[PDB]
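One chain follows as structure tokens, the form deposited without the DNA and RNA.
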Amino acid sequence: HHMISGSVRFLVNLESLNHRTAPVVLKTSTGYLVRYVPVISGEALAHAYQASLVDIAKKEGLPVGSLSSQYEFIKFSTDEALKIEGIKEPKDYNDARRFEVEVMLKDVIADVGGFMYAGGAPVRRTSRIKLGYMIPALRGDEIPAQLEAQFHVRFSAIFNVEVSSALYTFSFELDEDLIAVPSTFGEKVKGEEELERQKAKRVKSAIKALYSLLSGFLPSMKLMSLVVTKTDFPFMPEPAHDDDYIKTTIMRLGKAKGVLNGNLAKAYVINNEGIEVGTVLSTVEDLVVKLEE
């Protein structure tokens, strides 16, 4: 299956950021030090992504559900939601596919972003868009000092932090070939013909929704660099911690392609950072257009 994956580096405004935290571990000469630093959750990123997809879908005439249209991504998770949406719950395990397809036909956000209905016969559709946590980018020759300069952490009277911005990174995976494809076991249902007809447009819209995550719910941030891959095998680029993450990504890309017997392995780069790369594009817009091809 074709997937689009990526690793991105953003310069984030600390005032705008400052509340989730996550651990960072430093190996010292006399042991390990664990400190918690501010992060942006994948859930927050997913909300921004899904809100953007709602706007695209409405512009493009794709179906969006009642609650999703209001940027309320309850997404068919309870009987109250189903009543609001006008969808009957699965009557048995064999009705799971009918239900999933009906939900997908009602709401492209539940298709691309997945959903989970808890009930008598539960149905879970995993998200085709997978967004990692956005955490501090651990680059350069003075990593622990930079963390101390940015955050109220000490790796060993209380004043304001020294600096005003920090580099952050996250990674993502979009399983584009699984968009509009049912995930539940069952015999074919009629609505699948209509999903097939809408698939190309749903995929394009999901790719377009990447623009607002990648261009910089979320704090003020500036795109520094990214590498985004297109593979016909599972692949995740290097996290954007080391400055050689783009170079290292291409190395592993080639190796994985051979190991997993792949036919497609394209890589696109945006570099507003001056880092070494070794297809370089100018803007996120140009990336979107290329990923749609």
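All residue numbers are counted from 1 along the displayed sequence.
Although not depicted, the form deposited with the DNA and RNA bound is the subject of the following passage.
Chemist: Pick from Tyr168, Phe115, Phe172, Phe99: which residue has any heavy atom within 4.5 angstroms of the DNA and RNA in the bound PDB entry?
Modeler: In short, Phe115.
Chemist: Within 4.5 Å, heavy atoms only, which of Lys230, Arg35, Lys257, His47 is in contact with the DNA and RNA in the bound PDB entry?
Modeler: Contact check passes for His47.
Chemist: Look up in the bound PDB entry whether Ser215 has a non-hydrogen atom within 4.5 angstroms of the DNA and RNA, and give yes or no.
Modeler: No, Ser215 sits far enough from the DNA and RNA in the bound PDB entry that none of its heavy atoms falls within 4.5 Å.
Chemist: Heavy atom to heavy atom, is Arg124 within 4.5 Å of the DNA and RNA in the bound PDB entry?
Modeler: Because a heavy atom of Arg124 falls inside 4.5 Å of the DNA and RNA in the bound PDB entry, the answer is yes.
Chemist: With a 4.5 Å heavy atom cut-off, would you call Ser41 a contact of the DNA and RNA in the bound PDB entry?
Modeler: Yes, contact at 4.5 Å.
Chemist: Even though the DNA and RNA is not shown here, does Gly186 get within 4.5 Å of it in the bound PDB entry, heavy atoms only?
Modeler: Answer no; every heavy atom of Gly186 is more than 4.5 Å from the DNA and RNA in the bound PDB entry.
Chemist: If we take heavy atoms and a 4.5 Å cut-off, which stretch out of 70-78, 206-214, 99-107, 190-198 is in contact with the DNA and RNA in the bound PDB entry?
Modeler: Residues of 70-78 come within 4.5 Å of the partner.
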